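[1] No letters, just coordinates:
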Ligand SMILES: C[C@H](C(=O)O)[C@@H](NC(=O)c1ncnc2[nH]ccc12)c1ccc(Br)cc1
């Protein structure tokens, strides 16, 4: 957990303009968060990038978890191996509001982070999940009580967030 170059937004929320895969290789944190779907099919975005960095080990492991346990629920999570990126990967399902899933479940999704003292994470429900990313950061700030280091890829988005928060 040797995080460098973050800007502290609140007592427990830190933000950096970085690729979460590169952050994970440099820091080797105890927990890396994946912005997952209910079947753990890591097709693109953050999920696809983390899976690609494990050379598909995360997808083979996720397929076995689904065959044995069934899909997650929206707002839920599971802990699996972090392979070469972290000790553990916390796979969290935020709502896809573009498909009618309730925005209130974004608070439930962020509550999963409180089960871990320190996490490296992306924003949840952003991009194709359709939530406004500045709203997602507000829910994170209001809900997460443990120490979370957020990696934001898009520099234009990072600047808007730092402008609205700090
Ligand atoms: C909009 C946001 C961002 O630019 O930070 C974006 N993040 C990313 O894809 C992202 N963030 C950090 N490291 C990364 N490496 C490769 C991808 C990537 C995102 C889209 C959809 C969801 Br659901 C959640 C986050």
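    It's in. Residues are numbered from 1 along each chain as shown.
[2] what residues are up against the residue of the chain found nearest the ligand?
    Residue of the chain nearest the ligand, by CB to the nearest ligand atom: residue 127 (3.1 Å). For the C-beta atoms, the positions are set from N, CA and C on the backbone; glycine is no exception. With contact set as CB atoms under 8 Å, 6 or more residues apart in numbering, residue 127 has these partners: residue 45.
[3] do the same with residue 149
    3, 6, 14, 15, 16, 23, 29, 118, 119, 120, 121.
[4] cool, residue 119 as well?
    29, 30, 31, 32, 33, 90, 113, 146, 147, 148, 149.
[5] And residue 41, by the same measure?
    Applying CB under 8 Å, 6+ apart to residue 41 gives the contacts 59, 62.
[6] how about it, phi and psi?
    Note on residue 41: backbone dihedrals following degrees, to the nearest 10 are phi -100, psi 110.
[7] buried stuff in the top helix by length along the chain?
    Longest helix in the chain by number of residues, with DSSP state H as the criterion: helix 57-69. For helix 57-69, the neighbour count (16 or more other CB atoms under 10 Å) marks 58, 59, 61, 62, 65, 66 as buried.
[8] re earlier: compare the contacts of residue 149 and tell me which has the most neighbours.
    Highest neighbour count within these, by other CB atoms under 10 Å: residue 120, with 27 neighbours.
[9] Next, count neighbours for residue 48.
    14.
[10] For it, pull up the helix or strand it's in.
    helix 45-53 (DSSP states H and E).
[11] cool, residue 149 as well?
    strand 147-152.
[12] In that strand, which residues are buried?
    Buried residues in strand 147-152 (16+ other CB under 10 Å): 147, 148, 149, 150, 151, 152.
[13] Would it count as contacting the ligand?
    Yes - using CB under 6 Å from any ligand atom, strand 147-152 reaches the ligand at 151, 152.
[14] Kind regards, and thank you for your time.
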